[PDB]
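The chain below stands alone, shown as structure tokens; this is the form deposited in one PDB entry.
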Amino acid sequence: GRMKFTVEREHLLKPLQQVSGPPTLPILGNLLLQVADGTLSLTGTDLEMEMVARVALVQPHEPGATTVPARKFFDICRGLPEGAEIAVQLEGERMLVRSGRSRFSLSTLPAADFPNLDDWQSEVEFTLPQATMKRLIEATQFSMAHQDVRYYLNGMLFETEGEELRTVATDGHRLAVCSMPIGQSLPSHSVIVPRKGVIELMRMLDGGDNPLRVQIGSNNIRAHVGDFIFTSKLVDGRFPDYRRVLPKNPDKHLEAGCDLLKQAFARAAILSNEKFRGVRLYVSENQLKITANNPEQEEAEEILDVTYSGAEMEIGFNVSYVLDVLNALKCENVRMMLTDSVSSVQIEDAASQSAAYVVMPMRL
């Protein structure tokens, strides 16, 4: 075709990287390039999610479209020297890229075969800081399942209610939930965002002062950041209700230092079973004792001063799940809410209820 444009490397680099979401169909390894109305559009897709970037063209150009290998094109522009000028044109089934005395000829596929994602009605719409979205995902991402028969557990639930956005993730043995205000009256809506959507979501946040705008629409979610738009399919299924796995009346409240508890569990875990990773907790008046044994009959014991005045109790835990929660809390004091040795425990930051974590015990 007639497509032709010339742009600075510095204006093309971040656009290219973001649409290059790091063994597919031939066309799906390519970016769609579109020149039109002083704008260059770059699109990458995998039939389930889609990333579009827009770049303003201040130099002469000619409208047109084509597709080119995404990674090769990004590596070419990234390999050029800082401040380089990149001129692009079409020549039959080839795209010629020129910068200085560097010449590149990339094979293309017609743009008419690049798949467009059909339209969908937005049902919920809101904007929130990038830092808020970052906190919601980092608080729960680790609890997601991976390649679970229940395809709905591989993703992360995104729930709206009143003034708050909520994320939930669970693999069947432990659960994480986190709610954040965003200062807008929103409808109620529950959707599941697949694992890869969560990742791509995280990738879009540049920790800048450009708010994030979300559109949720039954079977699709969309996110806007600056000149970037990410669209992903949702997972069709019913997510379990976190309210029904929260322990009722966990009246045995233990409070301990975040860091000291973590170091004690990390040390005990050295002599725990490599497969099951079980540690044993003995809770008594203002004292917590952690023990661990492995098939080799090695033993570890930790004693910590804590705040606790309830009944004595013995309870076992996968220490990896406990450490996962403590690292996600990044807290100064942690609160554990216990019921009995065979019931789930709720763990929270002692001074914040925004996030909550539920972990099932083991039998030892």
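What we label the rigid core is the largest C-alpha set whose atoms superpose within 1.5 Å from one form to the other. Residue numbers here begin at 1 and follow the sequence given.
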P23 left out of the model in a third or more of other PDB entries:
yes
Taking only the CA atoms, which stretch has the higher mean B-factor in the record, 52 to 60 or 316 to 324?
52 to 60
When the C-alpha temperature factors are averaged for each of 71 to 79 and 119 to 127, which stretch ends up with the higher value in the entry?
119 to 127
Looking at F114, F104, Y282, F142, which has the highest Cα B-factor in the entry?
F114
Tell me which of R98, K289, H146, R277 tops the list for C-alpha B factor in the record.
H146
Ranked by Cα temperature factor within the chain, is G172 in the lowest third, the middle third or the highest third?
middle
Using the B-factor values recorded in the entry, state whether the Cα atom of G257 falls in the lowest, middle or highest third among the modelled residues of its chain.
lowest
Ordered by C-alpha B-factor within the chain, which third holds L364? Give me lowest, middle or highest, please.
highest
How does the C-alpha B factor of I137 compare with the rest of the chain: lowest, middle or highest third?
lowest
Relative C-alpha B-factor of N333, binned into the chain's lowest, middle or highest third:
lowest
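There is also a form deposited in another entry; it is not shown, and the following applies to it.
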Would you mind telling me which residue of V235, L80, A111, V283 shifts its Cα by 2 Å or more between this form and the one not shown when the core is superposed?
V283
Post core alignment: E125 C-alpha displaced by 2 Å or more between this form and the one not shown
no
Rigid core fitted, then: does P63 show a CA shift of 2 angstroms or greater between this form and the one not shown?
no
Superposed on the rigid core, does the Cα of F317 end up 2 angstroms or more away between this form and the one not shown?
no
